[PDB]
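Asks: what would the 3D arrangement of this be:
(6 chains, ligands or ions: 7)
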Amino acid sequence: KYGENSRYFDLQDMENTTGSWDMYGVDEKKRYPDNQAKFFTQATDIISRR
Amino acid sequence: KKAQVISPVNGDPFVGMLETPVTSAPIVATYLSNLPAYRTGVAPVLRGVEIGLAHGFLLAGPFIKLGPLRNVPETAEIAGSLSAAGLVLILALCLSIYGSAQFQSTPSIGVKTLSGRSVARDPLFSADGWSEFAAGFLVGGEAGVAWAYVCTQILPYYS
Amino acid sequence: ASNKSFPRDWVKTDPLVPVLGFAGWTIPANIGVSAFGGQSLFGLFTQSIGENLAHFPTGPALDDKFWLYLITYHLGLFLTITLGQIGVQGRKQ
Amino acid sequence: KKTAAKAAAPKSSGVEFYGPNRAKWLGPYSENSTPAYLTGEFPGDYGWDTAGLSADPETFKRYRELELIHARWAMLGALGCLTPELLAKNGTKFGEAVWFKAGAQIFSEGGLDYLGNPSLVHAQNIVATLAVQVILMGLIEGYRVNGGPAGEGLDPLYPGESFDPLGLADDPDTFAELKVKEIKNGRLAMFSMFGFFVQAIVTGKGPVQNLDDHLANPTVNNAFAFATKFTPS
Amino acid sequence: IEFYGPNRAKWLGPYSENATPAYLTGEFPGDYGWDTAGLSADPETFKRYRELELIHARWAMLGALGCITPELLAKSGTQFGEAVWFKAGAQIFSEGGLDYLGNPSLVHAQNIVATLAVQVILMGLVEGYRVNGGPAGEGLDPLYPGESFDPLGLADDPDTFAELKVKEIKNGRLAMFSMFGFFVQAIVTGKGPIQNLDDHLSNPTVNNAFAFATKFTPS
Amino acid sequence: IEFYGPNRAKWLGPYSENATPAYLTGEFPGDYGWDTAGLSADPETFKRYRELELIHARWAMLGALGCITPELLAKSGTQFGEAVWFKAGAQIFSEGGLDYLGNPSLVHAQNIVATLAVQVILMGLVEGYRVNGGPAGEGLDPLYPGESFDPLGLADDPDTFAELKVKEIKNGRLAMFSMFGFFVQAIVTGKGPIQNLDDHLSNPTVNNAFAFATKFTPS
Ligand code: CLA
Ligand code: CLA
Ligand code: CLA
Ligand code: CLA
Ligand code: CLA
Ligand SMILES: CC1=C[C@H](O)CC(C)(C)[C@H]1/C=C/C(C)=C/C=C/C(C)=C/C=C/C=C(C)/C=C/C=C(C)/C=C/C1=C(C)C[C@H](O)CC1(C)C
Ligand SMILES: CC1=C[C@H](O)CC(C)(C)[C@H]1/C=C/C(C)=C/C=C/C(C)=C/C=C/C=C(C)/C=C/C=C(C)/C=C/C1=C(C)C[C@H](O)CC1(C)C
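Replies: Residues are numbered from 1 along each chain as shown, chains lettered A, B, ... in the order given. Ligands and ions are numbered 1, 2, ... in the order given. Please find the structure below.
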């Protein structure tokens, strides 16, 4: 196990032993009041491609 | 004496970062969690318009105060705002071609959070998400610079 | 080693470090010497703070005999608090 | 940023909600481990049960149903007694920015001139203002005690629904903290309002104007200079 | 129309929040469930509040009718001097004592300290005998006795008697609020309340309340 | 003469209504059973009220003697300036600070903010150490300590000590009511209370109270 008494390098658990963490990345919804989703996603519909 | 503040990242002294009250202080951590570039659960279009609204409104200023049309009255604001809109346009183009060059191949393998649990990958880091983010940036930036002109024209003791 | 996670309390807040800081530095900061003619280093620029607070939006002059009071006052205020915080002798002295 | 490991009931945060709280006296804290009715578990408990006006659990609830409402009213009361005394001292005409006759401006020339701008609401009636206040506020506080549209009434202390646009209301330990930042700032607003009210009684100048007068002469221009006023004789 | 029950006319009506506090659910007149602070959670203290509110309501109703009658009587066809309730208390000092009805063939009270002492004696007697009972049968009920204070006999039918209870309580609440209005009119404008009535009926909107709103201005 | 028991001197005496509230039956000084509103039904709140009433009573007794002494001393053979307790608080501002006894060889306090800060420090210290104990033995009793505050040793015999408790409480109640009288005399007539004493002893009935009854007349 990785998070233990100095037992680093867990072979099957690569995403800890490597250095791939999300430092400041939270993920949850409802950041915005709802209908800006409407007013802005129905506004950037045209130019939403490459 | 049995007191220490500075620590390596999540134990693990062999990743090239070390934790400091600059990086991992609580108020700083919650602050940079709450910024729009780190939210991961919202659609990238909306982040694009938030970031664009902010950056356009700040970019309008220096062209107004320090541009070559800054002493001629009543038209010093126009040339500044127009130039700032031009800069935002070029930033939108840069975002588009960055999307064309960066996410053009396979993504990475895995991601976990700091207090370990397997969080999924941010949808901003695909081609579609980045292109949508660029469109949001264009809309938000132009709206922001237009608001900068509006805010100049009707504001109590602007000078 | 150094640690394994960042402690989310590193400034160990002892509540009577700051009150003794500026309270135990300003009660002897307003004595009165021969040097100023009977005035203090806390009341003589109380005159100044209020004085150029009167005409408000005008930022005070860039040679006006009170920037010295601001700078020499904080040069001691910060020092007495930063030596107060090392009045955490809970494990050291 | 690390997920504050909750897993339990307590809510310590730093040191705020447990047996070892931060009390009121620095060594003379409430005797016998703080009176037995209140041991943490909620924002705002510090231990002033000296008169003991609330010893029943329902009164402990109903007084807090007062507290949070009262504090939230005082927050906007404070900022809404601060703002235009700054703005009129900077650059903006108002009529009278002082908060005694802010309500009397309807009588002055043509009603309420807003921000010194003759292109705005221009309320000439006091009676219509009364009507909209009674109607809309009685509706709103009916919805507070009942729960109607735009989110149903779940918790009368904190609804926490589609009303909040930020959508912060998810991680419960950070709001074990922020429910307390609420009450700390609200009691600050309470005593700032007593500043407004008692300074309003004694001297009748604006509170900003009191700060300017005080800082012009802190040893002379303070409350003690009004001490011989209000004396019988 | 169902005050004695769960379907009483609640404090907000159809904004009723039918989760009412459980320490009062009908069975007593005037229970309108409006407990926002909750200063009557304890049941014996609640009983004290019922008794106290009844005493306040009856006293306030008596005072309210006493504030409506004499001014109208002196306005219609009689004279009292100062029928307005301010200097009616000072009518004993002015020239010839307090002559009742404005007539020197009635009470004509010269010394106010005699009224004072006899009033204290009588009031102590009546309040003591109100608390613990006494004459006309010993008091067995502190709220509503039922002994010889109803010489007409209206307390036979129970539901009409309960309706009378509710009317009494509502009238008492209205009387208390209205006497508060009388006191505030005594403070602010300091004129006759029925003079206020006549003046507002003559002037419905030009002198409403806010001409008398810049009087107690601090400076 | 049996305060500690069912036969105490009750709030109405022979109008006692010997059905007293059961949450107090003797065993504590000052229990006179007069609970008409009943704001102390809860026992811990009742204890808070006993402590609070004791604190109020001792503070009010101190204030009452402080209101009787200096005026008499300056009337008899000394001079203070304004010995009346109104401007005794403003004696620091007038000409030469607050000279104690009216003598420029005593306290002579020039700046009131120094009195202010030292007073806050000392009062915080003594009140905190009053609540939680401290010097002269740690406080084990919040009501009456029994530690080194009685250097004469009068608390040996228990029944006389309880009689002293009852005298203390009665004196405190009288002191609180009398200081209320002092405050009301401060408001209405605004003159010296002992000047009031001398004036009423010189004028027993011609200037009693109601010459000073048309002062706060609204208009
Ligand atoms: C690098 C030094 C330097 C600086 C400071 C300037 C400055 C200026 N030049 Mg200039 N110039 C330079 C080098 C420089 N020049 C060189 C080398 C050349 C020759 C190639 C020229 C040729 C040149 C011409 C030909 C002209 C100027 C003009 C100007 C003026 C307006 C430019 C403008 O619109 O800015 C746009 C403003 C910005 C891009 C603002 C960005 C900066 C922001 C504010 C930084 C904020 C950082 C912030 C603290 C971060 C905080 C983060 C925190 C919030 C977390 C301005 C005074 C124009 C003029 O009329 O002058 C009066 C003009 O016509 N320059
Ligand atoms: C041959 C190439 C070339 C050309 C034609 C120009 C031309 C110009 N330069 Mg320039 N420049 C160049 C190379 C060039 N540059 C290089 C290589 C450098 C780096 C060394 C610079 C650095 C430089 C600086 C630092 C500045 C200029 C500025 C200017 C403008 C000066 C005109 C004037 O008096 O202001 C009048 C300006 C205006 C009337 C504003 C016009 C703004 C654009 C052209 C209109 C945009 C339209 C709108 C945004 C479209 C709407 C989009 C929609 C989605 C809403 C002019 C547009 C100045 C400038 O524009 O900045 C304020 C300036 O300060 N140049
Ligand atoms: C109307 C506002 C209001 C209400 C309903 C309450 C209610 C309550 N508070 Mg609270 N409180 C308030 C304002 C209020 N407080 C303010 C402004 C502060 C900052 C000082 C506090 C600080 C505070 C702490 C730190 C604690 C409480 C506690 C309590 C609970 C038990 C204490 C008690 O019986 O007081 C009942 C209160 C009243 C009956 C209100 C009395 C109002 C009258 C008019 C008297 C006030 C006049 C004033 C003292 C005179 C000087 C004014 C001057 C100081 C400005 C109870 C839930 C304890 C608790 O459980 O935590 C939540 C506790 O530990 N309160
Ligand atoms: C002192 C007079 C008094 C008293 C003791 C009561 C007592 C009671 N009323 Mg009541 N009431 C009164 C006057 C009074 N009322 C008046 C004048 C009105 C009309 C506005 C009402 C309208 C009313 C309603 C609608 C309801 C009650 C209810 C109740 C019961 C529970 C509430 C409680 O504990 O009150 C305790 C009261 C006090 C401790 C009195 C405190 C007084 C101080 C001075 C504060 C008053 C300040 C005031 C708010 C400022 C404006 C005054 C102005 C409105 C007159 C209780 C039996 C509820 C119930 O169930 O009925 C049985 C109910 O639903 N009352
Ligand atoms: C604030 C001062 C204060 C306080 C806390 C108490 C507290 C107490 N008294 Mg008490 N008392 C006082 C002053 C006070 N007394 C004074 C000055 C007198 C002489 C008039 C008395 C005479 C008295 C008697 C005769 C009896 C008590 C009793 C009691 C106990 C039960 C009653 C109760 O709950 O009171 C709660 C009290 C309050 C919450 C105070 C509320 C104060 C507000 C401002 C209302 C006051 C307005 C006032 C009526 C207007 C006129 C004032 C004027 C009379 C001074 C309780 C320990 C009974 C007992 O058993 O003794 C142990 C009892 O029989 N008291
Ligand atoms: C309920 C509640 C609830 C929540 O929770 C809280 C709160 C709000 C606080 C509460 C409230 C309370 C209140 C409001 C109270 C009020 C009361 C009143 C008004 C009374 C009166 C009361 C009143 C009264 C008794 C009155 C009485 C009267 C009288 C005797 C009179 C007499 C007279 C007459 C005949 C005439 C002559 O010539 C003069 C005189 C002298 C004038
Ligand atoms: C019991 C009951 C029951 C039922 O049920 C209900 C009811 C009725 C409500 C209740 C009642 C209550 C009451 C009455 C209360 C009162 C109180 C008081 C009076 C207090 C005083 C109180 C008082 C007090 C403390 C006082 C104190 C004092 C002092 C410090 C003083 C000081 C001083 C002096 C030395 C002198 C100088 O030169 C000045 C001065 C500054 C002046």
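Asks: near ligand 4 at all, the one helix or strand residue D:144 maps to?
Replies: Element membership for residue D:144, per DSSP states H and E: helix D:127-146. No: residues of helix D:127-146 contacting ligand 4 under Cβ under 6 Å from any ligand atom: none, with a closest distance of 13.1 Å. Any C-beta I mention is one placed from the backbone N, CA and C, and that applies to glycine too.
Asks: helix or strand next in line after that helix, which one?
Replies: Per DSSP H and E, helix D:127-146 leads on to helix D:172-202 as the next helix or strand towards the C-terminus.
Asks: which helices and strands sit right next to that next one?
Replies: Judged by 3 or more Cβ pairs under 8 Å, 6 or more residues apart in numbering or on different chains; DSSP states H and E, helix D:172-202 is in contact with helix D:57-90, helix D:207-216.
Asks: related to what we said a few turns ago, next, the angle helix D:57-90 makes with the helix holding residue D:144.
Replies: 140 degrees (axes from the mean of the first three to the mean of the last three Cα atoms, to 10 degrees).
Asks: enumerate the positions of helix D:127-146 that are buried.
Replies: D:142, D:143, D:145, D:146 (16 or more other Cβ atoms under 10 Å in any protein chain shown).
Asks: off-centre distance for that helix?
Replies: 20 Å (Cα atoms, centre = their mean, to the nearest Å).
Asks: next one: phi and psi at residue B:8?
Replies: Main-chain torsions, residue B:8, degrees, to the nearest 10: phi -80, psi 160.
Asks: swap in residue C:12?
Replies: Per degrees, to the nearest 10, the backbone of residue C:12 is at phi -70, psi 100.
Asks: from residue D:44, how far out is residue D:17?
Replies: According to Cβ to Cβ, to the nearest Å, residue D:17 stands 10 Å off from residue D:44.
Asks: overlap of the contact sets of these two?
Replies: residue D:180 (Cβ atoms under 8 Å, 6 or more residues apart in numbering or on different chains).
Asks: who's more crowded, those two?
Replies: residue D:17 (21 against 15; other Cβ atoms under 10 Å in any protein chain shown).
Asks: where's that one, which helix or strand?
Replies: Going by DSSP H and E, residue D:17 is not in any helix or strand.
Asks: roughly how far apart are it and residue D:176?
Replies: From residue D:17 to residue D:176 the distance is 6 Å (Cβ to Cβ).
Asks: between these two, what contacts are shared?
Replies: D:11, D:43.
Asks: closest point of chain C to chain D, which residue?
Replies: Using Cβ to the nearest Cβ, residue C:50 is the residue of chain C that sits closest to chain D, at 4.1 Å.
Asks: what about that residue, which SS state?
Replies: helix (DSSP: H, G, I helix; E, B strand; the rest coil).
Asks: what is the neighbour count of it?
Replies: 17.
Asks: right, is stretch D:64-84 up against ligand 4?
Replies: No: using Cβ under 6 Å from any ligand atom, we find that stretch D:64-84 stays clear of ligand 4, coming within 12.7 Å at best.
Asks: quick one: contacts of that stretch?
Replies: Outside stretch D:64-84, the residues touching it (Cβ under 8 Å, 6+ apart) are D:42, D:44, D:92, D:94, D:97, D:99, D:102, D:156-158, D:182-183, D:185-187, D:189-190, D:192-193, D:196, D:207-208, E:36-37.
Asks: got a quick PyMOL command for the buried subset of these?
Replies: Listed next is the PyMOL selection for buried residues among the contacts of stretch D:64-84, using 16+ other Cβ under 10 Å:
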select buried, chain D and resi 42+94+97+99+102+182+183+186+187+189+190+192+193+196+207+208
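Asks: if I pick the closest residue to residue C:80 other than its chain neighbours, what's in contact with it?
Replies: With sequence-adjacent residues excluded and distances taken as Cβ to Cβ, 6 or more residues apart in numbering or on different chains, residue C:80 is closest to residue C:25, at 4.4 Å. Going by Cβ under 8 Å, 6+ apart, residue C:25 touches C:76, C:77, C:80.
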